[PDB]
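Chain identifiers are assigned alphabetically (A, B, ...) following the order of the sequence lines, protein sequences preceding nucleic acid strands; residue numbering begins at 1 within each chain. Counting starts at 1 for both ligands and their atoms, following the listed order. Any value given below was found using the heavy atoms of this structure, including those in side chains, with hydrogens, waters and symmetry copies removed.
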Amino acid sequence: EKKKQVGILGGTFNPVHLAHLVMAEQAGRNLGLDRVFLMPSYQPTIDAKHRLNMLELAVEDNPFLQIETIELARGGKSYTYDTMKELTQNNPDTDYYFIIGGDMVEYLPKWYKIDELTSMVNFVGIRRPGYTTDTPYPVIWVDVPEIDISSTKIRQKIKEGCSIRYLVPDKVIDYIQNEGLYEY
Amino acid sequence: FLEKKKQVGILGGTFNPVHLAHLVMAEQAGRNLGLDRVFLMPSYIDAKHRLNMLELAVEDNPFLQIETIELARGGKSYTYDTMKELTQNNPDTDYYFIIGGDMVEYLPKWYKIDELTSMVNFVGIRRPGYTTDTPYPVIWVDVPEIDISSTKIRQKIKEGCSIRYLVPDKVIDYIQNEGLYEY
Ligand SMILES: NC(=O)c1ccc[n+]([C@@H]2O[C@H](COP(=O)(O)O)[C@@H](O)[C@H]2O)c1
Ligand SMILES: [Mg+2]
């Protein structure tokens with residue numbers, strides 16, 4: 001009877017870090033969604049199982065944030081259309097809110113089958129005070145605190161031996177260090 | 001009048017390969033109990049092949065879907081952890097864990113069975129008149145006996161024996177097209 005309102009945040013999460021969690025939590029809470037899943041892609045190569053373990057530790061203590069593993073099980077290079085075709089078929093009770101960066105919204109016409117895809121999901125853009133919100137696609141907008149941490153920067157910091165504390169959750173740091181990830 | 005939880009079946013197994021008895025079990029268990037859906041859940045040859053056969057087997061049946069969480073974790077997956085994640089992923093869902101009646105008496109040896117039994121409802125597949133010592137509450141579903149096992153299919157394929165009607169036609173094709181099981 002409940003039509004579930006569930007956010008989806010895609011990406012590689014290579015590794016997961018603070019901005020991923022703030023984006024997901026704030027976008028979903030600000031819109032009043034029921035839950036947000038971080039959905040790691042299989043190939044955008046650090047092992048998928050490593051990225052999955054880090055993610056699960058990152059959202060461990062938070063019932064609001066869960067992990068959606070379908071792209072890691074399906075393997076290959078699942079296009080977003082195929083992923084939400086299967087997710088909407090598995091979950092006919094669910095309205096999906098696909099959360100993307102405001103800078104990603106201008107590349108929407110490059111997405112495979114984007115026209116069919118806007119029929120399956122609701123696109124949620126993260127507003128940047130550095131651009132308009134105008135676009136042909138049916139996108140709704142949310143504000144979230146600017147957290148300018150990138151996984152690229154995190155990886156080089158790890159390679160150089162620089163601190164990543166508080167930029168990355170403690171248990172994720174522990175896993176990175178125990179497993180020697182990212183040239184550690 | 002209030003919120004109805006969705007009522008969802010889960011059939012675990014290896015599905016190496018999926019065959020007609022898997023499909024009869026999932027469909028009979030779910031329809032006879034009035035469930036909303038049944039998911040076949042392969043445990044963790046290549047996992048991608050088992051996945052592709054499962055998806056082919058259930059393509060034309062919107063009642064049967066595939067649950068791939070155990071393939072994604074990529075490791076020995078204890079039913080407790082699996083059902084932990086799914087109930088937390090789907091707190092609005094009552095889960096029905098379908099197992100063969102012949103495994104039902106072995107449930108108390110499962111990892112953390114007593115937290116599991118508060119997390120799901122066990123459904124016991126049974127041929128009428130089957131008896132077993134099971135002093136755990138179980139939802140029993142009668143199903144015609146269909147004595148098809150993946151071991152027999154695999155070796156039928158390894159011997160060139162026919163498997164028509166024991167295995168869905170689209171699964172036979174994919175097996176053939178891929179050289180699966182030493183064909
Ligand atoms: N009507 C339905 O098919 C229905 C209802 C409630 C929950 N679900 C959930 O949908 C999930 C399927 O999603 P994934 O295959 O991507 O994990 C299943 O785990 C199941 O618990 C399905
Ligand atoms: Mg009867």
Proximal ligand 1 atoms for [X], defined as those under 4.0 Å from one of its heavy atoms:
| X | result |
| --- | --- |
| A:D93 | 5 (C), 6 (C) |
| B:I66 | 15 (O) |
| B:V8 | 4 (C), 5 (C), 6 (C) |
| B:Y95 | 19 (O), 20 (C), 21 (O) |

Handout entry: Best match, B:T93, A:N90, B:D36: closest heavy atom to atom 4 (C) of ligand 1
Key = A:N90
Handout entry: Option with minimal heavy-atom separation from atom 11 (C) of ligand 1, where the choices are A:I70, B:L86, A:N91, B:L64
Key = A:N91
Practice task
Compute the minimum heavy-atom distance from A:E68 to ligand 1 and say whether it is under 4.0 Å.
Solution key: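 Per 4.0 Å heavy-atom rule, A:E68 contacts ligand 1.
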Practice task
Please verify whether a non-hydrogen atom of A:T69 lies at under 4.0 Å from ligand 1.
Solution key: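 For ligand 1, residue contact (heavy atoms, under 4.0 Å) with A:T69 is absent.
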Would you find more than 12 non-hydrogen atoms of other residues, nucleotides or ligands less than 6.0 Å from [X] atom [atom1]?
| X | atom1 | answer |
| --- | --- | --- |
| B:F63 | CZ | yes |
| B:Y44 | OH | no |
| A:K4 | NZ | yes |

Handout entry: atom 1 (N) of ligand 1 [closest protein heavy-atom partner, distance rounded to 0.1 Å]
Key =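 Atom 1 (N) of ligand 1 sits closest to the protein heavy atom A:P92 CD, 3.8 Å.
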Handout entry: A:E1: partners by side chain to side chain contact (heavy atoms under 4.5 Å, CB included), with sequence neighbours left out
Key =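 Listed in chain order: B:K4.
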Practice task
In plain terms, say whether B:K170 and B:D60 are close enough for a salt bridge, that is, a side-chain N and a carboxylate O under 4.0 Å apart.
Solution key: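 Answer for the salt bridge query: yes.
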Problem - Any donor-acceptor N or O pair under 3.5 Å, side chains A:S78, A:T83 - result: yes
Only pairs under 3.5 Å count here: list side-chain donor-acceptor contacts from residues 119-127 of chain B, not counting sequence neighbours, and write none if there are none.
{"from": "B:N121", "atom 1": "ND2", "to": "B:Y95", "atom 2": "O", "distance (Å)": "2.9"}
{"from": "B:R126", "atom 1": "NE", "to": "B:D142", "atom 2": "OD1", "distance (Å)": "2.7"}

